[PDB]
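As structure tokens, one chain now follows by itself in the form deposited in one PDB entry.
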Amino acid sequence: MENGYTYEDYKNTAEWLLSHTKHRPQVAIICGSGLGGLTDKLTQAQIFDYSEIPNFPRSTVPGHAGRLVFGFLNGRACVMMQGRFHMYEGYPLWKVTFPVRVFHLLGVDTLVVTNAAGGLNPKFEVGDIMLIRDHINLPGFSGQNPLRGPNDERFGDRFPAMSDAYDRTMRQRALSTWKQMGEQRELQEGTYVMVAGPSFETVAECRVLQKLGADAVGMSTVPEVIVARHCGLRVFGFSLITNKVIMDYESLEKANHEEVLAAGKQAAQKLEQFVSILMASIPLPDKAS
């Protein structure tokens, strides 16, 4: 089905934003379920609710705190999308991913995407942090892909390969940094799988996902990632683990979202220090820097 948004539509929204803030972003950060904390630390903050920005999808119902704060963070200047969009919310996939495209028109040349995810690996302990190395997009195998439709050769190719989705150096540079702060627990790596559904995962299901080779399940990021790469954005991101089951031979836990708690603890504080430091290793342009 078409992409309602019309190139002119992303143009008008890039220019407008670009004409209301004297900040020319370089990095776009997308924070998820208990990582809006990463906001505060911006320095020359400048906030625009998703409501003024002309074509931006207004955020539905939650804690509502969903705005787009512009600022400078640890040397590089960036954009912070605080409270993103998911499928389970009823959004066509070209709506959730509108953010990522205006960004590309903004100047941005890096896209770091966080998200509070599952944890389907026995080695991970709630609270950890997983360096997304790859993804398994199940909603994409079926036709639900943000690129499904005619293509705007102004943005990217028709058949972009995702083989190298998440940058390599940025991931070594992150891998290093972790060492470099003298940190207790190690920042892991694995592959992430997007499940779309609002409800949580059956023990029966949690075993296919493990079987398929995923490491942490979730309901976001794969779209924004896919359309970033389409643009030649340099992507890469972390996943903050918070749980998961595997036993029906009999258990007696479940896994709520009340547990925005897990992230709503020091998983937050940590993931902030960790991305503030990382700003310092993102190749800046200028005239070769």
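Shifts are known only where both forms have a C-alpha. Numbers follow the displayed sequence, beginning with 1. Think of the rigid core as the biggest set of C-alphas that the two forms share within 1.5 Å after superposition.
The discussion below concerns the form deposited in another entry, not included here.
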Fill in: Which of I53, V245, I226, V27 is displaced between the shown form and the other one by 2 angstroms or more at its C-alpha, rigid core aligned
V245
Worksheet item: With the core lined up, does the C-alpha of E258 move 2 Å or more between the shown form and the other one?
Response: yes
Worksheet entry | Cα distance between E258 and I30, which in the other entry differs by 3 Å or more from this form, closer or farther | closer
Worksheet item: Are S281 and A263 closer or farther apart at their Cα atoms in the other entry than shown, with the shift being 3 Å or more?
Response: farther
Discussion item. After superposing on the rigid core, which segments of 3 or more consecutive residues have every C-alpha shifted by 2 Å or more between the shown form and the other one?
Written reply: 244-264, 287-289
